[PDB]
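Examination of the molecular architecture
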Amino acid sequence: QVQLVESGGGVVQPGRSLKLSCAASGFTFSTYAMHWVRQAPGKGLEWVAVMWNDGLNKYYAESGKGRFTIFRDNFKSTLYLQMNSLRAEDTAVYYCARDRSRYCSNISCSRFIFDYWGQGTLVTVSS
Amino acid sequence: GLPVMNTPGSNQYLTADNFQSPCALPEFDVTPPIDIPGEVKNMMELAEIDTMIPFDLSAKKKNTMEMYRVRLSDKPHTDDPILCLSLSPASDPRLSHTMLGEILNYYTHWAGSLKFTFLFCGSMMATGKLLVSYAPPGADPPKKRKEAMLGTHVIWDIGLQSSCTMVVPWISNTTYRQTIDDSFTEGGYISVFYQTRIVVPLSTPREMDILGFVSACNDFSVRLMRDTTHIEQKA
Amino acid sequence: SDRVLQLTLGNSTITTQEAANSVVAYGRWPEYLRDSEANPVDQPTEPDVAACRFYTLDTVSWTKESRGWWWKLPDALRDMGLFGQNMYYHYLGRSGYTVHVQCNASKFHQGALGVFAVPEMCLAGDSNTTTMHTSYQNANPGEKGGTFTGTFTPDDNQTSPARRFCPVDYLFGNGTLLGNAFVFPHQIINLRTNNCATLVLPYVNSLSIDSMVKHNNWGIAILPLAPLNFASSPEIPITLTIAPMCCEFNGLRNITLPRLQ
Amino acid sequence: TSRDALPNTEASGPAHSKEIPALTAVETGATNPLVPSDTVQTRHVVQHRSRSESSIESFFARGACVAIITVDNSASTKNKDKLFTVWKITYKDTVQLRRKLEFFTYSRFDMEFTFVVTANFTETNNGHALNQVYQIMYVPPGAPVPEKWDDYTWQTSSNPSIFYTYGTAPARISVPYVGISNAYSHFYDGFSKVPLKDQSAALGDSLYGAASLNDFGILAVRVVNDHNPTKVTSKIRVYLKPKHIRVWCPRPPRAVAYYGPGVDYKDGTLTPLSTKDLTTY
Amino acid sequence: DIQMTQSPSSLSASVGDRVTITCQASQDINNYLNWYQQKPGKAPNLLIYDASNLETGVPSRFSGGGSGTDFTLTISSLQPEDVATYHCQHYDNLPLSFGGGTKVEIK
Amino acid sequence: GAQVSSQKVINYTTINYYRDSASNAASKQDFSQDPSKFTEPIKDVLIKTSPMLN
Ligand SMILES: CCCCCCCCCCCCCCCC(=O)O
């Protein structure tokens, strides 16, 4: 069992920005692609973005594209998600997950099966 | 089968062994080489190239561009030295980080002669003469031109040839010297003095700098190899 | 005297009266590909005099505060006449170079410049939280080149990094001491002795021929070994001229239009 | 010209002429090839020293560690599974051999791999374990990487593999020069992709100096024995020795601590030189 | 983009019953689909991958099948601790997407 | 087919067991070269005794 811990969630006023972090332990962080997945209260899962273990290649879902930014620091084994212009529809629990793409920077040789999930951090957009 | 008995040392792993082993990629087709410019056969070739010396290394000038420059001026004559060296190519902080010293720090023993080259970077209107000397060990290190004049020395006249070279000949009791600070195999002393002051006319800078270079001759050698202390890794 | 020289290539020509000498990197002269070492099978293109000629870059001013300058090849010549057209219309290319640095002053000036030619001149970035993360646009400034700095300032906009180099002068921009850079082909311009430098660069690479748009084979760096000063602020210009030699191109396609900004 | 002695030294008397060996011009870029006989009087001596072991072959004739690989052998239900480990082959995980190799720009050589395996218990006795056997499989680029310790991929029909028994002498194999170019490149001043003006920004972005995405591939390591009630931890250490090596285009050595696979450097570690005085011996 | 449709949204069964859940795709995706289990107040857990492979440690009463546009998750004999939400997830191409989820409860 | 070579302080013997040349041991017996390409790269020849520039 590896350990993934998210933090930075809380109450945020509409239209403002927030930053999330996910600290990984128990494995070589710099050799895996990392994902963000969120779940609105009482709803189903929804995928956000991925980054291919190099810090440069990434992909965003259409919901947060333009507003969200994903980046990582391989020396501190940390993953970040910056959110701007948060709307009331962004309230949800955010998870950081790890897939099986180990040395990969392309869709051709990646495969997105999530073996591990974090405990999740809650974000509330309200005033 | 053929009878045999094992001798001591069987099943050990020595990192300097020279045995054969099977190939994991049999019948592999290898790319042919091409004639790339700049091939190297021996490591002493790199040591035989002139590289610049950080003479100053003051507390406020080390790790800057100012450490390579030695200052001259047109002040009246004096018998004090301009610079001093201990001739420890691998352990003296001024010589240790040069290419010669960097290559030496992978070896335990060295021998041969050394060349020192100086370059004058003043205006064409400046003139003067300097003294460069080498004193073998065993006596007081020279602090006055009167003392340095008794050792091996050359007089440099600044003219149309803007550089001077001094060869430090090999002289020692042992056949090799060690690459650490050791009183038994110490090297000597090197210093520079004014022979006559610098003379400059009007409308000219009255201060100027010089640069120094060091390399090895074609009789230089190093034999016993070791790990270097100029690189380290953290846990 | 031995200080005079004349060089001619195509319709260009240069004359100098106060030259030190010409240095050939590793003692090898530029040459075309041999039949025993050519990987591609298509007929190459040799524009010859149409591209093998001297081009003059924009000049720069040398003062007391200057830390240095650097350029990349063949990037610096990407917009020069038909050479750039051939570079962008073809997939593969190779060539040598002749680099000529010009800088003159009076007999009452003093100072010195160190001119270095480095193969595979990698430089260090400015980010302290990522590595190898500088962008194509910043890594290829063109004929304007870049400048060295006297101090290291790491970027801190982690959500929007600048993605550009930060080459320190005394570390030579790549973690190695400047005083050891004389292992590369070089020539020193000392104002009291000579006023120009000439270097002949053959094609050096681990491949017979490569892509000219993606990879730079040579780099040119000019740093003041002794600061400039004059009876007194002093300022003198430095101009740089470069000529491709034995250039050869292969793999003709439609033209490429890179994103330069 | 093979391990032959260096040239002898001649005898020289006083000189009074118009020849000036000691005066030169550093500006030209050449080095003055002087000998002690050109500046001082010397005696004739027969030379015996030679440069036999500063050569490039002898400078790389040392086996150097490059990696440590850790695997476990315990019941899978436990918090830590029977951890088979994956390592991508490189020499930049350590600094010593990296620094030695980066004296040059290009090189060719065959490789020799040596594996040293050690193991130990983690809890208080509670029995022992039978002798263990390890499998080291080479996975070239494009082949399927194992996803479990008992996958079908471990059949190794075409992948090279080594089975090693604990307590025996270290394992060893050889491999040729396997570069797709005419020589390895320790530096690459370029990109793997060009961003086109007519194309979206994300499609042309690439790392600086990356060259090929991954040069040589992967090593996969597992314990072949099923399990034991007691946890046993083991480590594998990889050692490299270049053979038949050639090099070109020398470079200055690294002067500051390494920072990542590139030439980048970190803040607060840019002061290698120490204090001294200009006129102090 | 690809849309995943799950049915039924919820169901009830008695202990020991055979329960079947279906996830449908808007176009053929070969066999690129995973199944996850999520108990209340906890993160999902992987059950099936490649639409048929059973993850190590999962009880043998779970099994997946189907291909193309229709897929099925079945529990041979329901147990008290199987009450949870079940999700389907495809990875045919980016962007990824999940299903709506299906709740399982005891009758 | 064995190779007999002389040690430097008289002979010693070696044999190749594998068909791949990568399996051979280091044969050493290197050859030196002139470093003029690095030390004297200037175009024209240089004579050390005569004045370098005139
Ligand atoms: C168990 C068999 C393993 C075989 C591995 C073959 C790959 C060997 C690669 C060695 C060269 C390493 C790179 C040196 C210089 C460089 O390219 O940066």
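Here is what the cut-offs are and how they apply
- Each chain carries its own residue count, running from 1 in the order of its written sequence; this scheme can depart from the entry numbering, and residues that have no coordinates do not appear.
- Whichever chain is written first becomes A and whichever ligand is written first becomes 1, with later ones labelled in order.
- The side-chain values count all of the structure's non-hydrogen atoms but skip hydrogen atoms and water molecules.
- Salt bridges are defined as contacts in which a side-chain nitrogen from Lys or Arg sits within 4 Å of a carboxyl oxygen from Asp or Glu.
- Strands here are runs of E lasting at least two residues and helices are runs of H or I lasting at least four, both read from the DSSP assignment and numbered beginning at the N terminus.
- For every residue, the accessible area (1.4 Å probe, protein chains only) is compared with the maximum for its type, and the residue is labelled buried under 20%, exposed over 50%, or partly exposed between those bounds.
- In this description, strands pair whenever DSSP reports at least two bridges between them.
- Axis definition: a line fitted to C-alpha atoms, over the contacting stretch in the case of helices. Angles run 0 to 180 degrees between N-to-C directions.
- As defined here, a cavity is a set of points on a 1 Å grid over the protein atoms alone where a 1.4 Å probe fits but cannot get out. A pocket is an open set with protein on both sides within 12 Å along at least five of seven lines, and residues line them when an atom is within 4 Å of a point.
- Grid points are joined across faces, edges and corners, and a volume is the space filled by probe spheres set on the points.
- Ten residues, namely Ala, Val, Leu, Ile, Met, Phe, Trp, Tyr, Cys and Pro, are considered nonpolar, four, namely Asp, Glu, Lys and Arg, are considered charged, and the remaining ones, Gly among them, are considered polar.
- Contacts were defined at the residue level, with two residues in contact if any of their heavy atoms lie within 4.5 Å.
- Here the quantity called buried area is the accessible surface, traced with a 1.4 Å probe, that two parts lose on coming together, added over both.
- Pairs of N or O atoms within 3.5 Å make up the polar contacts considered here, provided that, within protein, one atom can donate a hydrogen while the other can accept it, and that residues adjacent in sequence are counted only when both atoms are side-chain atoms.

The record lists cryo-EM as the method behind this PDB entry and 2.84 Å as its resolution.

Counted under the stated rule, the structure contains 41 salt bridges over all chains. Measuring nitrogen to oxygen at the nearest pair gives 2.9 Å for the salt bridge that ties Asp189 of chain D to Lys72 of chain C. Taken together, the residues span two chains, with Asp189 of chain D in the loop between β8 (184–185) and β9 (218–223) and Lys72 of chain C in strand β6 (residues 69–73). Residue classification places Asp189 of chain D among the buried residues on the basis of a relative accessible area of 2%. Through salt bridges with shared partners, one network takes in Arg100, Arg111 and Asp115 of chain A, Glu147 and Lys148 of chain D together with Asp50 and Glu55 of chain E.

This part takes up the sheet that holds strand β5 (residues 133–139) of chain D. Residues and elements named next belong to chain D. As summarised here, the arrangement of the four strands in space is β3-β9-β5-β6, forming an open sheet in which the pairing is antiparallel. The sheet is open, and its two borders are formed by β3 (85–88) and β6 (161–165), each paired with just one other strand. The sheet shows a mean angle of 20° between the axes of neighbouring strands, taken without regard to direction.

This brings us to empty space enclosed by the protein. Put simply, the largest cavity is a space of about 210 Å³. Around the largest cavity sit 19 residues that line it, and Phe182, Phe184 and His186 of chain C, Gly29 of chain D together with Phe38 of chain F are the ones nearest its centre. Elements that contribute at least two residues to the lining of the largest cavity include exactly β3 (22–24) of chain C together with α1 (36–39) of chain F. For the lining of the largest cavity, the class distribution of residues is 14 nonpolar, three polar and two charged. In this structure, the second largest cavity spans a volume of roughly 90 Å³. Taken together, 14 residues line the second largest cavity, and the ones lying closest to its centre are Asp75, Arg78, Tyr136, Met212 and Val213 of chain C. Broken down by class, the residue content of the lining of the second largest cavity amounts to eight nonpolar, three polar and three charged.

On to the sheet that holds strand β3 (residues 19–25) of chain E. Residues and elements named next belong to chain E. Pairing is antiparallel across the open sheet formed by four strands, whose spatial order is β1-β3-β8-β7. One side of each edge strand has no neighbouring strand; the edge strands of this open sheet are β1 (4–7) and β7 (62–67). Across this sheet, the average inter-strand angle for adjacent strands is 20°, counted without regard to direction. Sheet topology places β3 next to strand β8 (residues 70–75); six bridges connect them, and they run antiparallel. Looking at β8, one finds that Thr20 is bridged to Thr74.

The next point concerns unusual backbone geometry. Here the residue pair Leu73 of chain C and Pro74 of chain C is connected by a cis peptide bond, since its omega of 5° sits within 30 degrees of zero. Looking at where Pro74 of chain C falls in the secondary structure, it is placed in the loop between β6 and α1 (81–89). Going from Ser7 of chain E to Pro8 of chain E, the amide bond is cis rather than trans, its omega being 0°. Locating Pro8 of chain E in the fold gives a position in the loop between β1 and β2 (10–13).

Let us now look at the interface of chain B and chain C. Of the residues lining the interface, 39 residues belong to chain B; the matching set on chain C comes to 36 residues. Summing both partners gives a buried area of about 3,100 Å² for chain B against chain C, and 63% of it is carried by carbon and sulfur. It is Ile34, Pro37 and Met65 of chain B in chain B that bury the most area against chain C; as a group they hold 20% of the surface buried on that side. Between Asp35 of chain B and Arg28 of chain C there is a salt bridge whose closest N-O contact spans 3.0 Å. At the surface where chain B touches chain C, the tally comes to 11 residue pairs in polar contact. Of all the secondary-structure elements, those providing two or more residues to the side of chain B that touches chain C are β1 (51–52), β5 (114–120) and β11 (207–216) of chain B. Top element by residues in the side of chain B that touches chain C is β11 of chain B. It accounts for five residues. Counted by class, the side of chain B that touches chain C contains 22 nonpolar, 12 polar and five charged residues.

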